[PDB]
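Here is the structure we will look at, set down as structure tokens.
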Amino acid sequence: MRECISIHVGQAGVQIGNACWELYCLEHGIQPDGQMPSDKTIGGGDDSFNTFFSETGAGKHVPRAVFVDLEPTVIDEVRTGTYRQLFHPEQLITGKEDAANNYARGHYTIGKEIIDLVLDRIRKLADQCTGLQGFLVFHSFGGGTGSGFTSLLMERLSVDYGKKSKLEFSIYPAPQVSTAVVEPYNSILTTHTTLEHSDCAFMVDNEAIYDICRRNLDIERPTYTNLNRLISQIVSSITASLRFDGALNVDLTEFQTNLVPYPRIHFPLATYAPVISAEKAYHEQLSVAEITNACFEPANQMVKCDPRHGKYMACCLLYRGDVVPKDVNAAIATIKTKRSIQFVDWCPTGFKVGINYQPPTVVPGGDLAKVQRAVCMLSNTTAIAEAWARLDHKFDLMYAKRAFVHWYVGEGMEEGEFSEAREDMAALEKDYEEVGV
Amino acid sequence: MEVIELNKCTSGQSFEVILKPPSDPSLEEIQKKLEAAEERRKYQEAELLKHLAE
Amino acid sequence: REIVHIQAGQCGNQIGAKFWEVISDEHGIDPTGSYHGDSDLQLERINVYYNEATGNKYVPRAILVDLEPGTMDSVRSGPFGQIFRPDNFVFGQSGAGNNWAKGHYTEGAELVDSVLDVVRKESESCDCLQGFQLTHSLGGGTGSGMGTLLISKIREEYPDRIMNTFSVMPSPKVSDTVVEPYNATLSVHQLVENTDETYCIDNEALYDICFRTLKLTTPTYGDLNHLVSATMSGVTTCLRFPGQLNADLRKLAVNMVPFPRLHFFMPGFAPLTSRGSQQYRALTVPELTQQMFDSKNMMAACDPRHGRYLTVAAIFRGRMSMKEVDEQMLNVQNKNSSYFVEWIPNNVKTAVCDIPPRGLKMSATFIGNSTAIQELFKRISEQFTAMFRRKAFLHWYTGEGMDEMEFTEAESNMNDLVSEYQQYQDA
Amino acid sequence: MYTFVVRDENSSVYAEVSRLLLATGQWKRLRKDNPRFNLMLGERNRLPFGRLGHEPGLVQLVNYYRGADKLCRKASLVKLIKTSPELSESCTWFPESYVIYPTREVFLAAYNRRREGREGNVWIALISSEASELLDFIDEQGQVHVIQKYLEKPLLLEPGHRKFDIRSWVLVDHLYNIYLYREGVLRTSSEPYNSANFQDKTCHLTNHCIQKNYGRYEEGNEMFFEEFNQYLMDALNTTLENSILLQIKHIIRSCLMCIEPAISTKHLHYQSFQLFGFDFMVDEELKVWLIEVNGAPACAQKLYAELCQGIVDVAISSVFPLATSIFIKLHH
Ligand SMILES: Nc1nc2c(ncn2[C@@H]2O[C@H](COP(=O)(O)OP(=O)(O)OP(=O)(O)O)[C@@H](O)[C@H]2O)c(=O)[nH]1
Ligand SMILES: Nc1ncnc2c1ncn2[C@@H]1O[C@H](COP(=O)(O)OP(=O)(O)CP(=O)(O)O)[C@@H](O)[C@H]1O
Ligand SMILES: Nc1nc2c(ncn2[C@@H]2O[C@H](COP(=O)(O)OP(=O)(O)O)[C@@H](O)[C@H]2O)c(=O)[nH]1
Ligand SMILES: COc1ccc2c(c1)CCCN2c1nc(Cl)nc2cccnc12
Ligand SMILES: [Ca+2]
Ligand SMILES: [Mg+2]
Ligand SMILES: [Mg+2]
Ligand SMILES: [Mg+2]
């Protein structure tokens, strides 16, 4: 067994980590106090779930996690919340004044004053590991902390852990829920600085999650709690192979091998089905064929885009619940005849399939209905570049007038970093275009 | 459709289906970047204090 | 995230006291300083504006400044006057005579260091000071001249804190003396350099709202200040009450100010209400939205249709459909998109607070950064030049040691500000 | 009030559709680059579909189908017909065609079996019976072009011994209804067809512009359907409907039903409609051939009013309602 450390940066990252760790505990039978009755090896072990949980002599199962925010309000809610006994105080790191929605303030001014403390707390967890695999980093593109501090942290993790994989779960900005007008700036700056330090990044567009909640959950105005419980379901689907027995995606290195044939094009598209409302009184359980077919409906994607007008480089189907391979292949055969699924010429046209028999777990009293089978598709399609196109256009509109730029220059950043970051993005779009047509 | 590397366990199974074959900066460079930006902040602040002193 | 509040001069202290009355009511604090409120939301961020005193009494983090004792004696006599810390009363005896030079250079220089001592004592007790908000007029002497002197000194001692002002603009419709355009132009020059965000409260607009909309034939300063206290309560809503945003002065400045000098906001309020007259019909969310964007609800006498919105912040207060708020807010942008600069995407942000202000079940406060604010600075600039071309009334200033050149420079800076606003109105 | 932007100032058709929309009093036009639009009359190339359908509180619609070019580029059309099983098993209404790059083995395989059969062996890029003569043209041009059989024995209208082509306008709405405009037009050649001199310019290429004898037999070298139908009745003892239009309708349905899965916007965050121009040839046996599909067609002047109005009725107002039909719906 090889451990994985989770790092949650800024409000978005911290709150999504709450949701994920709440879900993980319910999936592994770990109570809010850290006790896990089914674990008969007390005080230690090298089971699959030990990838995410360490063990105390008293049987406490503690997340291999660090929470970081430049301001204390949100992590304070974890320090006093239902799972306050789960985490050791030293894994919850907070400052006193946030990055004010400003990447430069998060990366340079404030970030420089707290990076060494965070690295020491991360080092404390890594010392408890017999074979550390790498890190899973949760953050927003838009926050000053989620953008600025994350990129500084990623640079240092490359220095201190050169041999370790780093995966990202990144919240892409959507005006429906966003807070700040400068999020396109922060997104471009952090993608430029982080690109070479991330092996695989799963983007989640708050716009996609918001609409899924309105359409499929009949929630008129979803809250962060609505969005984050849904996001945690997808994250759990993605990490289940690290926490459970199985042959597919068993270490962070395999995500890159299975999903990322080129290093820079390392943003797989997540699609998830079925999302069914708990409030519905009568529901007809969806078959293997129906949920697999839903993986190719853009309305179920974590990023709205049109995969028919791009090319695939890799595709994984991650099933949970009552699924047998025969039904998967039958569903794939039907889908291939009726859908536009084009692979790049230098990749085989195929699906890597993984099935966990335990049906998805849902938080009691949450919005998701219990389903008999669910699926998360991870596909690396050039179609995701639409999100980059959208973001770079908004960046271009503002930067043409240098609007708001003075807030970044005032923190020690140079204007040239904007244009350096934007040309890297321009290169990224061109790369996706070469591979995609 | 060839089914490949079928692995079964009690938790589930995994496999692969093929439809068609094919057709970093150092710590010091980082601290140089962080400190160059801090110089720029201190420079901009000294100018402000100089202007306020005038 | 503490704010240190400062009120200077007659107008500064009269609206400053009204502000402390209105928000003390909203947070369930009585003139005693004791909390007798109903909801815990009233106390979650009470520290932003109040210090905790002995026996769990909340003392406003407020500093009261004047160069004559009169208005401050009135504040101490006033309803909430006993809530203020006695040590935070800093006053002279000579007065400023509606003379910016007296407030900035002579009389005010004598007093400014004692004000800074009280400011320091208030700052040193702050866990993490956000910055400062100043209430003052620009047309007098103390609030205008000494107020801006205080702002210059406070920026020297706290260069990395936010400076926020509520600045009352002079108008011949509500005019105490003919030199108000001089005082205002001299002050605007200081504000352009030393504040991060300034609410432009135009006595012209306050008068017109009282006359035309409120049906008040002879408005008093008390009627004008009713509009001011309602606007000040609304625009600080997201500082004083917990929400999805957890806003503070810096985040507001970062998102509202695309260019450092263009930081002068048009505030607006809806529904417009006169004093001591209760509206029994609540406004529908569509009505709140339409009025709050109406030029007739703007506290700065500018036509929004004569410029373009760089950024907008709207706060809705009351129990209402946030879905309806989202639809109505999106409706005004999509139906009037020409008046929002296209080069700042998604530049209108909305917040909702469940707690309505006193006397209303539904309210809407508007904060606009519009290039139409140049109309206010051109108005003052014309009144200024009409006297300055003849050097009229200048002796009041040269007698305190000022030179004509300082007037020439102040006039030039404000015209530059005007042309800078014009640059982005055409972009 | 509905909002729209226009990003193709050359569009004769959508120039007229902007005027109609404004004239309703319920549509306001914005600047090209204002994103808060309901409707986008977009540019012809590199239209940014990826930026559509992301404006909260705006139903967005555009007058182009992303991916429709696969049908509207000579090279793609051929590849689409050859590789799509919905079409090629026989596909009896498309001329033999081959893609050739200038920098072929399958082309000559058929050309030489025509040399063996002494059959008609005239082809087109441009027209000649000598492969080597036109391939030398292919390589000296430098861009990709197709090589398809030239319809040697066309249907020639009398008086004139002339040749023509039929242009049909078809609108596809956001729901993928296929609407064929009832008014077509014959683009006619005034020059009598000559079997011997293919290098001769104007008699074989029935393009409107290419005919700089213009206007002799009928105005604008444009014969509309009422006349052409009367001709077929007097001349051949048949109708436009039975002898030609049934085949045209079959070809339009077949082409658009084929690519429907690739381009449909049924479950997309934005919607598309698109006006197409289908160009057909009729042989002397009253058999209809598809020549090509044009994704940004222009109309005939006589018909601009009725068609641009129908674009509003069926494709724009269906989605954005305002405060006997001129189309034939082709069902599927
Ligand atoms: N899905 C989701 N998005 C969130 C959540 N919290 C914030 N966001 C999004 O993240 C962006 C704002 O970034 P934050 O994470 O709040 O900022 P931060 O990292 O705390 O950095 P600061 O600017 O210092 O406060 C916006 O696009 C929000 O919509 C959350 O809990 N769930
Ligand atoms: N296989 C073929 N057989 C006989 N005639 C053909 C032919 N292909 C083309 N032609 C004739 O050449 C003319 C032009 O050919 P084509 O339709 O390929 O390009 P075009 O000039 O029409 C561009 P567009 O159709 O978009 O206006 C046609 O009108 C037709 O008369
Ligand atoms: N809105 C409002 N304006 C005031 C009030 N008092 C004075 N003013 C305006 O302020 C200017 C005079 O400044 P004032 O504050 O009285 O002078 P100061 O004491 O030297 O600071 C004039 O433009 C007055 O119209 C008030 O209570 N409300
Ligand atoms: C134009 O885009 C904006 C505008 C303002 C703000 C933000 C973004 C982000 C958070 C700060 N902020 C706000 N701040 C404060 Cl105090 N009151 C507000 C009231 C309504 C909306 N917004 C704020
Ligand atoms: Ca164990
Ligand atoms: Mg934060
Ligand atoms: Mg006075
Ligand atoms: Mg053509």
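Here, A, B, ... name the chains of the structure tokens in the order displayed, residue numbers run from 1 inside each chain, and ligands are numbered from 1 in the same displayed order.
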Got a sec to check which residues lie within 7 Å of ligand 7, using only C-alpha atoms and all ligand atoms, and send them as a PDB file with N, CA and C atoms, in the first residue's frame?
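Output below, filename selection.pdb:
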ATOM      1  N   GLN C  10     -19.138  69.473  11.027  1.00  0.00           N
ATOM      2  CA  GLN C  10     -20.567  69.498  11.317  1.00  0.00           C
ATOM      3  C   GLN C  10     -21.298  68.383  10.570  1.00  0.00           C
ATOM      4  N   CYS C  11     -21.197  68.380   9.242  1.00  0.00           N
ATOM      5  CA  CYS C  11     -21.881  67.367   8.443  1.00  0.00           C
ATOM      6  C   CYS C  11     -21.370  65.970   8.781  1.00  0.00           C
ATOM      7  N   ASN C  98     -15.525  77.450   7.453  1.00  0.00           N
ATOM      8  CA  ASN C  98     -15.794  77.020   6.075  1.00  0.00           C
ATOM      9  C   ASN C  98     -14.578  77.238   5.178  1.00  0.00           C
ATOM     10  N   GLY C 140     -17.150  72.491   3.496  1.00  0.00           N
ATOM     11  CA  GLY C 140     -16.879  73.261   4.682  1.00  0.00           C
ATOM     12  C   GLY C 140     -15.388  73.403   4.877  1.00  0.00           C
ATOM     13  N   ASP C 176     -24.179  76.639   2.269  1.00  0.00           N
ATOM     14  CA  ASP C 176     -23.881  77.522   3.390  1.00  0.00           C
ATOM     15  C   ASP C 176     -23.033  78.729   3.010  1.00  0.00           C
TER      16      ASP C 176
END
Could you list the protein, DNA and RNA residues that have any atom within 7 Å of ligand 5, counting only C-alpha atoms and all ligand atoms, and write them as an MDAnalysis selection string? chainID A and resid 39:45 47 55
N, CA and C atoms of the current selection, written as a tab-separated table (two decimals), in the first residue's frame:
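again.tsv, freshly written:
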chain	number	residue	atom	x	y	z
A	39	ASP	N	-12.62	-2.38	11.02
A	39	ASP	CA	-11.17	-2.52	10.96
A	39	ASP	C	-10.73	-3.35	12.15
A	40	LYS	N	-10.35	-4.60	11.90
A	40	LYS	CA	-9.94	-5.49	12.98
A	40	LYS	C	-8.45	-5.41	13.26
A	41	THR	N	-7.68	-4.77	12.39
A	41	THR	CA	-6.26	-4.55	12.64
A	41	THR	C	-6.13	-3.17	13.29
A	42	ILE	N	-5.95	-3.15	14.61
A	42	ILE	CA	-6.01	-1.92	15.40
A	42	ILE	C	-4.65	-1.26	15.42
A	43	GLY	N	-4.64	0.06	15.33
A	43	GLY	CA	-3.41	0.82	15.41
A	43	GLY	C	-2.58	0.83	14.15
A	44	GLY	N	-3.03	0.18	13.09
A	44	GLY	CA	-2.28	0.22	11.85
A	44	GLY	C	-2.83	-0.78	10.85
A	45	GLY	N	-2.13	-0.86	9.73
A	45	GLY	CA	-2.51	-1.74	8.64
A	45	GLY	C	-2.07	-1.15	7.32
A	47	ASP	N	-4.23	-1.78	4.50
A	47	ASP	CA	-5.40	-1.98	3.68
A	47	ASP	C	-5.53	-0.85	2.65
A	55	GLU	N	-3.84	5.54	11.27
A	55	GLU	CA	-4.47	4.97	12.46
A	55	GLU	C	-3.66	5.27	13.71
Distance limit 8 Å, atoms considered: only C-alpha atoms. Which chain A residues sit that close to chain B? Return them as a count of residues only. 34
At a cut-off of 8 Å, which residues of chain D touch chain C? Count only C-alpha atoms and give the answer as a ChimeraX atom specification. /D:1,30,33-34,36-37,56-58
With only C-alpha atoms and all ligand atoms counted and 10 Å as the cut-off, give the residues of chain C in contact with ligand 6, each with its shortest interatomic distance in Å and the pair that gives it, as JSON lines.
{"residue": "C:245", "atom": "CA", "partner": "ligand 6", "partner_atom_place_in_ligand_line": "1 (Mg)", "distance": 9.0}
{"residue": "C:246", "atom": "CA", "partner": "ligand 6", "partner_atom_place_in_ligand_line": "1 (Mg)", "distance": 8.4}
{"residue": "C:247", "atom": "CA", "partner": "ligand 6", "partner_atom_place_in_ligand_line": "1 (Mg)", "distance": 9.7}
Could the residues in this selection be saved with N, CA, C and O atoms as a short mmCIF file (atom, residue, chain, number, x, y, z; two decimals), in the first residue's frame?
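The resulting selection-v9.cif:
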data_model
loop_
_atom_site.label_atom_id
_atom_site.label_comp_id
_atom_site.auth_asym_id
_atom_site.auth_seq_id
_atom_site.Cartn_x
_atom_site.Cartn_y
_atom_site.Cartn_z
N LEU C 245 -20.96 35.90 0.84
CA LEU C 245 -19.80 36.64 0.36
C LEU C 245 -18.73 36.87 1.42
O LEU C 245 -17.53 36.79 1.10
N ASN C 246 -19.10 37.13 2.66
CA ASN C 246 -18.13 37.49 3.69
C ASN C 246 -17.23 38.62 3.17
O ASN C 246 -16.02 38.48 3.02
N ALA C 247 -17.87 39.75 2.87
CA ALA C 247 -17.20 40.84 2.18
C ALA C 247 -16.41 41.69 3.18
O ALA C 247 -16.67 41.69 4.38
#
Please check which protein, DNA or RNA residues sit within 10 Å of ligand 2, counting only C-alpha atoms and all ligand atoms, and write them as a ChimeraX atom specification. /D:72-74,94-97,122-127,146-154,163-167,186-189,202-210,277-283,289-298
Could you tell me, counting only C-alpha atoms and all ligand atoms, which protein and nucleic acid residues lie no more than 7 Å from ligand 4, written as a PyMOL selection string? (chain A and resi 179-181) or (chain C and resi 235-239+245+247-249+251-252+255-256+311-315+347-351)
Can I get the residues of chain B within 9 Å of chain C, each with the closest pair of atoms and their distance in Å to one decimal, using only C-alpha atoms, sorted chain first then ascending number, as JSON lines?
{"residue": "B:45", "atom": "CA", "partner": "C:159", "partner_atom": "CA", "distance": 7.7}
{"residue": "B:48", "atom": "CA", "partner": "C:156", "partner_atom": "CA", "distance": 8.3}
{"residue": "B:49", "atom": "CA", "partner": "C:156", "partner_atom": "CA", "distance": 6.5}
{"residue": "B:52", "atom": "CA", "partner": "C:156", "partner_atom": "CA", "distance": 6.7}
{"residue": "B:53", "atom": "CA", "partner": "C:156", "partner_atom": "CA", "distance": 8.6}
Take the selection from the previous step and output its residues with C-alpha atoms, as a PDB file, in the first residue's frame.
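Produced file again-v9.pdb, reproduced below:
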ATOM      1  CA  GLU B  45       5.976  51.907  -0.665  1.00  0.00           C
ATOM      2  CA  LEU B  48       4.661  56.674  -1.400  1.00  0.00           C
ATOM      3  CA  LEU B  49       6.313  57.621   1.896  1.00  0.00           C
ATOM      4  CA  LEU B  52       3.908  61.894   1.600  1.00  0.00           C
ATOM      5  CA  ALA B  53       7.043  63.407   3.134  1.00  0.00           C
TER       6      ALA B  53
END
If you count only C-alpha atoms, which residues fall within 8 Å of residue 380 (chain C), apart from same-chain ones fewer than 6 positions away, as a PyMOL selection string? chain C and resi 181+184-185
How would the residues just picked look written out with N, CA and C atoms as a PDB file, in the first residue's frame?
ATOM      1  N   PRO C 181     -17.321  75.515  -3.684  1.00  0.00           N
ATOM      2  CA  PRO C 181     -16.594  74.930  -4.823  1.00  0.00           C
ATOM      3  C   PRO C 181     -15.091  74.931  -4.646  1.00  0.00           C
ATOM      4  N   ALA C 184     -14.397  72.084  -2.102  1.00  0.00           N
ATOM      5  CA  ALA C 184     -14.653  70.771  -2.681  1.00  0.00           C
ATOM      6  C   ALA C 184     -13.566  70.382  -3.680  1.00  0.00           C
ATOM      7  N   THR C 185     -13.163  71.311  -4.553  1.00  0.00           N
ATOM      8  CA  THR C 185     -12.121  71.000  -5.526  1.00  0.00           C
ATOM      9  C   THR C 185     -10.800  70.684  -4.834  1.00  0.00           C
TER      10      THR C 185
END
Quick one: DSSP helix (DSSP H, G or I) residues in chain B, as a CSV table (one decimal) with N, CA, C and O atoms, in the first residue's frame?
chain,number,residue,atom,x,y,z
B,27,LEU,N,14.5,25.6,-5.7
B,27,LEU,CA,14.0,26.3,-4.5
B,27,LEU,C,14.6,27.8,-4.5
B,27,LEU,O,13.9,28.7,-4.2
B,28,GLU,N,15.8,27.9,-5.0
B,28,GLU,CA,16.4,29.2,-5.0
B,28,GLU,C,15.9,30.1,-6.1
B,28,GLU,O,15.6,31.3,-5.8
B,29,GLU,N,15.6,29.6,-7.3
B,29,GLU,CA,14.9,30.4,-8.3
B,29,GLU,C,13.6,30.8,-7.8
B,29,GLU,O,13.1,31.9,-8.2
B,30,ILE,N,12.9,30.0,-7.0
B,30,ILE,CA,11.6,30.3,-6.4
B,30,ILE,C,11.7,31.5,-5.4
B,30,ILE,O,11.0,32.4,-5.4
B,31,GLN,N,12.7,31.4,-4.5
B,31,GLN,CA,12.9,32.4,-3.5
B,31,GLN,C,13.4,33.7,-4.2
B,31,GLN,O,13.1,34.8,-3.7
B,32,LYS,N,14.1,33.6,-5.3
B,32,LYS,CA,14.5,34.8,-6.0
B,32,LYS,C,13.3,35.5,-6.6
B,32,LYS,O,13.2,36.7,-6.6
B,33,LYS,N,12.3,34.7,-7.2
B,33,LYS,CA,11.1,35.3,-7.7
B,33,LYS,C,10.3,35.9,-6.6
B,33,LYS,O,9.8,37.0,-6.7
B,34,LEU,N,10.2,35.2,-5.4
B,34,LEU,CA,9.4,35.8,-4.3
B,34,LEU,C,10.0,37.0,-3.7
B,34,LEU,O,9.3,38.0,-3.4
B,35,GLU,N,11.3,37.1,-3.6
B,35,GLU,CA,12.0,38.2,-3.1
B,35,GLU,C,12.1,39.4,-4.0
B,35,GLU,O,12.0,40.6,-3.6
B,36,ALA,N,12.2,39.1,-5.3
B,36,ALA,CA,12.2,40.2,-6.3
B,36,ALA,C,10.8,40.9,-6.3
B,36,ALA,O,10.8,42.2,-6.4
B,37,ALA,N,9.8,40.2,-6.1
B,37,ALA,CA,8.4,40.8,-5.9
B,37,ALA,C,8.3,41.6,-4.6
B,37,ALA,O,7.7,42.7,-4.6
B,38,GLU,N,9.0,41.2,-3.6
B,38,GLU,CA,8.9,41.9,-2.3
B,38,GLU,C,9.7,43.2,-2.4
B,38,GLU,O,9.3,44.2,-1.9
B,39,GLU,N,10.9,43.2,-3.1
B,39,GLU,CA,11.6,44.4,-3.4
B,39,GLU,C,10.7,45.4,-4.1
B,39,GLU,O,10.6,46.6,-3.7
B,40,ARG,N,9.9,44.9,-5.1
B,40,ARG,CA,9.1,45.9,-5.8
B,40,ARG,C,8.0,46.5,-4.9
B,40,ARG,O,7.7,47.6,-5.1
B,41,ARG,N,7.5,45.7,-4.0
B,41,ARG,CA,6.5,46.3,-3.0
B,41,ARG,C,7.1,47.3,-2.1
B,41,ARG,O,6.6,48.4,-2.0
B,42,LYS,N,8.3,47.0,-1.6
B,42,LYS,CA,9.0,47.9,-0.7
B,42,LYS,C,9.4,49.2,-1.5
B,42,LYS,O,9.4,50.3,-1.0
B,43,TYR,N,9.8,49.0,-2.8
B,43,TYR,CA,10.2,50.2,-3.6
B,43,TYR,C,8.9,51.1,-3.8
B,43,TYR,O,9.0,52.3,-3.6
B,44,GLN,N,7.8,50.5,-4.1
B,44,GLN,CA,6.6,51.2,-4.4
B,44,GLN,C,6.1,51.9,-3.1
B,44,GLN,O,5.6,53.0,-3.1
B,45,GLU,N,6.4,51.3,-1.9
B,45,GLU,CA,6.0,51.9,-0.7
B,45,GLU,C,6.9,53.0,-0.3
B,45,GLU,O,6.5,54.0,0.3
B,46,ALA,N,8.2,52.9,-0.5
B,46,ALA,CA,9.1,54.0,-0.2
B,46,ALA,C,8.8,55.2,-1.0
B,46,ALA,O,8.9,56.4,-0.5
B,47,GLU,N,8.4,55.0,-2.3
B,47,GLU,CA,8.0,56.2,-3.1
B,47,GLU,C,6.8,56.9,-2.5
B,47,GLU,O,6.8,58.1,-2.4
B,48,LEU,N,5.8,56.1,-2.0
B,48,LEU,CA,4.7,56.7,-1.4
B,48,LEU,C,5.1,57.5,-0.2
B,48,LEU,O,4.7,58.6,0.0
B,49,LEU,N,5.9,56.9,0.7
B,49,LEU,CA,6.3,57.6,1.9
B,49,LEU,C,7.1,58.9,1.5
B,49,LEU,O,7.1,59.9,2.2
B,50,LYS,N,7.9,58.8,0.4
B,50,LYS,CA,8.7,60.0,0.0
B,50,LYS,C,7.7,61.0,-0.5
B,50,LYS,O,7.9,62.2,-0.1
B,51,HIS,N,6.7,60.7,-1.3
B,51,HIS,CA,5.7,61.6,-1.7
B,51,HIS,C,5.0,62.2,-0.6
B,51,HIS,O,4.7,63.4,-0.5
B,52,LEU,N,4.6,61.4,0.4
B,52,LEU,CA,3.9,61.9,1.6
B,52,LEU,C,4.8,62.8,2.4
B,52,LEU,O,4.3,63.8,3.0
B,53,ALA,N,6.1,62.5,2.4
B,53,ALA,CA,7.0,63.4,3.1
B,53,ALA,C,7.2,64.8,2.5
B,53,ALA,O,7.2,65.8,3.1
Can you check which residues of chain D have any atom within 12 Å of chain A? Use only C-alpha atoms and format it as a ChimeraX atom specification. /D:33-35,48-57,65-70,84-86,258-270
Just the selected residues (C-alpha atoms), exported as a compact mmCIF listing (two decimals), in the first residue's frame, please.
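Below is the file result_4.txt, written as the result:
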# COMPACT_ATOMS: atom_id res chain seq x y z
CA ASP D 33 -18.97 41.61 -29.49
CA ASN D 34 -21.63 42.18 -26.85
CA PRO D 35 -22.18 38.70 -25.36
CA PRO D 48 -16.94 30.59 -31.78
CA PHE D 49 -19.56 27.96 -30.94
CA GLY D 50 -17.62 27.23 -27.73
CA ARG D 51 -18.62 30.61 -26.29
CA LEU D 52 -22.36 30.11 -26.88
CA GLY D 53 -24.84 28.95 -24.27
CA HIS D 54 -22.91 30.20 -21.23
CA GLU D 55 -24.78 33.46 -20.55
CA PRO D 56 -27.00 32.93 -17.47
CA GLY D 57 -30.56 34.02 -18.15
CA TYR D 65 -24.92 24.13 -37.25
CA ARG D 66 -21.48 23.33 -35.85
CA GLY D 67 -20.24 20.42 -37.95
CA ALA D 68 -22.45 21.14 -40.97
CA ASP D 69 -19.39 21.95 -43.10
CA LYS D 70 -18.82 18.20 -43.46
CA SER D 84 -21.34 6.69 -44.26
CA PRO D 85 -23.33 3.43 -44.58
CA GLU D 86 -26.54 5.51 -44.61
CA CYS D 258 -27.13 11.20 -42.02
CA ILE D 259 -25.25 13.91 -40.12
CA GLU D 260 -28.07 14.61 -37.66
CA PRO D 261 -26.32 12.80 -34.77
CA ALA D 262 -23.12 14.82 -35.28
CA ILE D 263 -24.67 18.30 -35.48
CA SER D 264 -28.03 18.21 -33.66
CA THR D 265 -28.31 20.72 -30.80
CA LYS D 266 -31.29 18.92 -29.19
CA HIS D 267 -29.60 18.48 -25.81
CA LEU D 268 -27.03 21.27 -26.13
CA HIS D 269 -26.63 24.39 -24.00
CA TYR D 270 -27.20 26.50 -27.14
Can you list every residue in region 81-223 of chain A that DSSP puts in strand (DSSP E or B), as an MDAnalysis selection string? chainID A and resid 92:94 134:140 165:172 200:205
So that each row is one residue of chain C with an atom at most 8 Å from ligand 3, can you give its shortest atom pair and the distance in Å to one decimal, using only C-alpha atoms and all ligand atoms, rows by chain and rising number, as a Markdown table?
| residue | atom | partner | partner_atom_place_in_ligand_line | distance |
| --- | --- | --- | --- | --- |
| C:8 | CA | ligand 3 | 21 (O) | 6.3 |
| C:9 | CA | ligand 3 | 21 (O) | 3.5 |
| C:10 | CA | ligand 3 | 19 (O) | 3.8 |
| C:11 | CA | ligand 3 | 6 (N) | 3.6 |
| C:12 | CA | ligand 3 | 15 (O) | 5.9 |
| C:13 | CA | ligand 3 | 27 (O) | 7.8 |
| C:14 | CA | ligand 3 | 27 (O) | 5.0 |
| C:15 | CA | ligand 3 | 27 (O) | 6.0 |
| C:66 | CA | ligand 3 | 19 (O) | 6.9 |
| C:67 | CA | ligand 3 | 19 (O) | 7.5 |
| C:68 | CA | ligand 3 | 19 (O) | 7.8 |
| C:95 | CA | ligand 3 | 20 (O) | 7.3 |
| C:96 | CA | ligand 3 | 20 (O) | 5.4 |
| C:97 | CA | ligand 3 | 20 (O) | 6.3 |
| C:98 | CA | ligand 3 | 20 (O) | 4.8 |
| C:99 | CA | ligand 3 | 20 (O) | 7.0 |
| C:100 | CA | ligand 3 | 20 (O) | 7.8 |
| C:103 | CA | ligand 3 | 20 (O) | 7.4 |
| C:136 | CA | ligand 3 | 15 (O) | 6.5 |
| C:137 | CA | ligand 3 | 10 (O) | 4.7 |
| C:138 | CA | ligand 3 | 11 (C) | 6.4 |
| C:139 | CA | ligand 3 | 11 (C) | 4.2 |
| C:140 | CA | ligand 3 | 13 (O) | 3.3 |
| C:141 | CA | ligand 3 | 20 (O) | 3.4 |
| C:142 | CA | ligand 3 | 20 (O) | 3.7 |
| C:143 | CA | ligand 3 | 21 (O) | 3.6 |
| C:144 | CA | ligand 3 | 21 (O) | 5.8 |
| C:145 | CA | ligand 3 | 21 (O) | 7.8 |
| C:168 | CA | ligand 3 | 3 (N) | 6.2 |
| C:169 | CA | ligand 3 | 23 (O) | 6.3 |
| C:170 | CA | ligand 3 | 23 (O) | 3.8 |
| C:171 | CA | ligand 3 | 23 (O) | 6.2 |
| C:174 | CA | ligand 3 | 25 (O) | 4.9 |
| C:175 | CA | ligand 3 | 25 (O) | 4.7 |
| C:176 | CA | ligand 3 | 22 (C) | 5.4 |
| C:177 | CA | ligand 3 | 22 (C) | 7.4 |
| C:180 | CA | ligand 3 | 23 (O) | 6.2 |
| C:201 | CA | ligand 3 | 1 (N) | 7.7 |
| C:202 | CA | ligand 3 | 1 (N) | 7.7 |
| C:203 | CA | ligand 3 | 1 (N) | 5.4 |
| C:206 | CA | ligand 3 | 1 (N) | 7.1 |
| C:221 | CA | ligand 3 | 28 (N) | 4.8 |
| C:222 | CA | ligand 3 | 27 (O) | 6.6 |
| C:224 | CA | ligand 3 | 1 (N) | 5.2 |
| C:225 | CA | ligand 3 | 28 (N) | 5.3 |
| C:228 | CA | ligand 3 | 1 (N) | 7.1 |
